[PDB]
2 protein chains.
Amino acid sequence: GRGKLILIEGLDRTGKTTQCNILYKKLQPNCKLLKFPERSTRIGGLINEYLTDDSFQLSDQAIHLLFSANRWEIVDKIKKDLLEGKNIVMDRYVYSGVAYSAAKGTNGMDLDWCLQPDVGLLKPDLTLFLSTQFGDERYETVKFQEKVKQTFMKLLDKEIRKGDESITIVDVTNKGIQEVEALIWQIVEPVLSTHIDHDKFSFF
Amino acid sequence: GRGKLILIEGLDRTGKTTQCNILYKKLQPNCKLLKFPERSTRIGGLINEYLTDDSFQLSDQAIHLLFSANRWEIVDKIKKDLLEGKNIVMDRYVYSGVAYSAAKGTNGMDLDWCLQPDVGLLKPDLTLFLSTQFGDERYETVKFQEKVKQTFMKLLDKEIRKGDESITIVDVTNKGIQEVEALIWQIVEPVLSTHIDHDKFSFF
Ligand SMILES: Cc1cn([C@H]2C[C@H](N=[N+]=[N-])[C@@H](COP(=O)(O)O)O2)c(=O)[nH]c1=O
Ligand SMILES: Cc1cn([C@H]2C[C@H](N=[N+]=[N-])[C@@H](COP(=O)(O)O)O2)c(=O)[nH]c1=O
């Protein structure tokens with residue numbers, strides 16, 4: 001059938017980018033690697049500013065919508081590649097979008113408001129949340145990181161309770177690159193082997 | 001009390017801009033003129049490139065979000081000016097954002113989805129819709145405007161059912177600058193007198 005959309009979510013420095021590259025290289029040549037935010041586009045450009053320069057002041061709602069817009073500008077290419085039989089591994093997506101913004105506790109910006117902009121976007125066939133027991137960019141402070149992990153758990157737990165079986169939480173506490181690799185593969189392989197119709201897609 | 005938020009909506013070439021400038025000169029010195037989209041900012045610049053150059057390709061969902069983000073990056077200063085007693089004349093706001101986008105008929109982008117990103121925004125104290133019974137920018141085509149007109153009507157008609165009385169539909173057909181001005185004023189003057197508490201606002 002069509003390729004699979006695999007997502008790996010988690011806190012900055014949990015081994016996310018590494019396991020993504022590892023999974024990507026192991027799925028060649030019919031696999032593409034996608035990173036969010038996608039900083040090479042014009043919208044991704046303002047997102048890069050915001051994250052690397054605090055003089056660039058932008059309200060919480062504005063930057064939030066830019067992050068969702070950034071996914072919407074690329075989504076059509078994703079759907080296309082999947083149809084051409086290629087697999088796609090993503091480093092962050094909708095879940096990071098909601099969590100990092102909701103952890104701020106800004107008036108009006110709760111979990112539900114935060115998701116809305118992303119409603120209609122392609123939903124991953126499988127989402128892996130890597131969890132455990134710098135400072136260059138805006139959200140890089142131990143105190144904030146603790147809050148987003150709290151929100152992440154709140155969000156995912158809600159979705160799983162609601163019946164979403166495509167979400168799997170992997171505890172990578174004190175485990176090596178290859179042990180974590182084996183854990184992830186133990187989960188992804190069986191989904192790569194299931195046949196999915198070209199016409200079947202899930203959306204947020 | 002606080003200054004009042006006055007909004008004038010409508011189709012391109014309905015006299016909307018000239019009326020806003022007339023009202024502004026009439027409320028000055030204690031008044032500010034604000035136009036959306038505000039193409040002065042970085043996000044506004046992206047909006048501008050999309051509207052002035054059809055070479056610039058961007059998904060409907062992505063541009064829609066940039067339009068909302070453009071409002072969200074200015075709203076704090078709007079609120080601030082009202083608290084200091086200054087009145088604000090606004091040329092286009094969230095109604096244009098929902099109408100011009102839902103008119104496209106793109107799958108998933110209905111009146112509902114289109115409104116979500118603007119939820120939580122300061123609702124204007126008075127909304128005047130200029131109704132009637134160029135070509136160097138995107139959207140500026142006779143066939144599209146017809147769709148936008150019918151979209152505005154369905155939207156505004158909806159808000160009326162819900163109980164919003166701040167929306168007034170002013171028919172400007174075959175009328176001159178001065179006559180329309182008189183109509184606008186007969187609706188604006190009352191509101192400008194009505195006492196509004198320093199901290200009372202309506203939101204979307
Ligand atoms: C994709 C995405 C990431 N982010 C943040 C997470 C990251 N914050 N930190 N630390 C930041 C940069 O991400 P990367 O380090 O993964 O490039 O963007 C959001 O706020 N929303 C989103 O939609
Ligand atoms: C403020 C705003 C304007 N628009 C469109 C309306 C106008 N369309 N045409 N033709 C366009 C530019 O309007 P102005 O000429 O008033 O600058 O922006 C939206 O699509 N959504 C919005 O949120």
Side-chain angles (χ1 to χ4, degrees), chain A residues 4-25 27 31-41 43-52 60 63-79 81-82 87-104 111 114-132 134 136-141 144-156 159 164 166-170 172 180 184 187-188 202-204, chain B residues 61-62 65:
Chain A
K4 278 74 172 192
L5 187 61
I6 294 159
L7 172 65
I8 293 183
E9 289 280 11
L11 276 293
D12 308 79
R13 280 151 292 264
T14 62
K16 175 179 53 55
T17 302
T18 299
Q19 298 301 322
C20 278
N21 284 199
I22 288 180
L23 190 53
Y24 167 49
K25 284 173 287 171
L27 255 31
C31 187
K32 205 89 82 64
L33 185 73
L34 214 26
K35 174 92 206 80
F36 277 118
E38 218 309 318
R39 304 175 193 220
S40 73
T41 76
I43 287 170
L46 310 181
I47 291 180
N48 185 250
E49 296 305 295
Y50 179 89
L51 292 177
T52 60
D60 287 334
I63 189 63
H64 182 78
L65 297 177
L66 287 198
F67 269 117
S68 179
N70 181 232
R71 287 187 274 290
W72 275 112
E73 64 179 324
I74 310 295
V75 73
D76 291 310
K77 305 188 189 77
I78 297 179
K79 188 178 175 180
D81 287 334
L82 253 29
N87 297 307
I88 299 177
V89 171
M90 282 184 304
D91 180 333
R92 295 193 186 289
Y93 195 48
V94 173
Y95 295 120
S96 275
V98 180
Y100 286 72
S101 277
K104 299 181 166 178
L111 288 180
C114 280
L115 212 200
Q116 298 319 119
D118 286 324
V119 173
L121 276 174
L122 261 172
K123 192 179 203 301
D125 290 307
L126 182 66
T127 301
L128 292 149
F129 182 76
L130 298 188
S131 65
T132 359
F134 188 81
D136 288 285
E137 299 186 350
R138 234 181 183 98
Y139 305 166
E140 294 178 334
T141 70
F144 194 50
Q145 296 284 319
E146 252 302 310
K147 285 176 85 194
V148 321
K149 182 198 60 194
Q150 240 63 245
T151 313
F152 250 126
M153 296 314 288
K154 261 280 296 290
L155 182 60
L156 298 179
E159 294 302 305
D164 195 351
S166 80
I167 300 174
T168 306
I169 297 166
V170 188
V172 300
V180 174
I184 289 173
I187 302 166
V188 320
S202 275
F203 300 94
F204 278 100
Chain B
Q61 286 89 347
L65 297 187

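Throughout, a chain's letter reflects where its sequence line sits, starting with A, and its residues are numbered from 1. Note that these values count all heavy atoms, side chains included, but never hydrogens, waters or copies made by symmetry.
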Do side-chain atoms of [X] reach the backbone of [Y] as a donor and acceptor pair under 3.5 angstrom?
X: A:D125; Y: A:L5; value: yes
X: A:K123; Y: A:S202; value: no
X: A:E159; Y: A:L155; value: no
X: A:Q145; Y: A:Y139; value: yes
X: A:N70; Y: A:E38; value: yes

Tested for side-chain contact (heavy atoms from CB on, under 4.5 Å) against A:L23, the lone hit among A:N87, A:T18, A:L33, A:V89 is A:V89
Check the orientation of A:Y93 and A:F204. Use parallel for under 30°, tilted for 30 to 60°, and perpendicular for over 60°.
tilted
Over 60° means perpendicular and under 30° means parallel, so classify the ring planes of A:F129 and A:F152, tilted if in between.
tilted
Could you tell me the separation between the [atom1] atom of [X] and the [atom2] atom of [Y], rounded to the nearest 0.5 Å?
X: A:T14; Y: A:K149; atom1: OG1; atom2: NZ; value: 11.5 Å
X: A:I22; Y: A:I184; atom1: CD1; atom2: CD1; value: 8.0 Å
X: A:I88; Y: A:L27; atom1: CD1; atom2: CG; value: 11.5 Å
X: A:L156; Y: A:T151; atom1: CG; atom2: OG1; value: 10.5 Å
X: A:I169; Y: A:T127; atom1: CD1; atom2: OG1; value: 10.5 Å
X: A:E73; Y: A:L66; atom1: CD; atom2: CG; value: 10.0 Å

Would you check if A:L128 and A:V188 make a side-chain contact, meaning some heavy-atom pair closer than 4.5 Å?
yes
Heavy-atom side-chain contact between A:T52 and A:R39 under 4.5 Å
yes
Cationic N near anionic O, under 4.0 Å, A:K32 to A:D81:
yes
Please report whether the ring centroid of A:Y95 lies less than 6.0 Å from that of A:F36.
no
Assess whether side chain to side chain contact (heavy atoms under 4.5 Å, CB included) is satisfied between A:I8 and A:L130, documenting all intermediate values.
CA-CA 7 Å; A:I8 293 183; A:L130 298 188; 4.2 Å; yes
Minimum heavy-atom separation for [X] and [Y], please, with both atom names.
X: A:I74; Y: A:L34; value: CG2-CD2, 4.3 Å
X: A:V148; Y: A:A99; value: O-CB, 4.3 Å
X: A:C20; Y: A:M90; value: SG-O, 3.9 Å
X: A:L126; Y: A:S166; value: CD1-O, 3.3 Å
X: B:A62; Y: A:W72; value: N-CB, 4.0 Å

Stepwise, does the side chain to side chain contact (heavy atoms under 4.5 Å, CB included) test hold for A:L115 with A:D118?
CA-CA 6 Å; A:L115 212 200; A:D118 286 324; 4.2 Å; yes
Apply side chain to side chain contact (heavy atoms under 4.5 Å, CB included) to the pair A:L121 and A:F203, showing each step before the final yes or no.
CA-CA 5 Å; A:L121 276 174; A:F203 300 94; over 6 Å; no
As a quick check of understanding, evaluate side chain to side chain contact (heavy atoms under 4.5 Å, CB included) for A:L82 and A:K79, giving each step before the final call.
CA-CA 5 Å; A:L82 253 29; A:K79 188 178 175 180; 5.7 Å; no
Who passes side-chain contact (heavy atoms from CB on, under 4.5 Å) against A:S101, sequence neighbours left out?
A:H64, A:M109, A:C114
Which pairs with one or both residues in residues 9-25 of chain A pass salt bridge (charged side-chain N to carboxylate O under 4.0 Å, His left out), sequence neighbours excluded?
A:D12-A:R92, A:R13-A:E140, A:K16-A:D91
Is the count of non-hydrogen atoms from other residues, nucleotides or ligands lying under 6.0 Å from A:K154 atom NZ greater than 12?
no
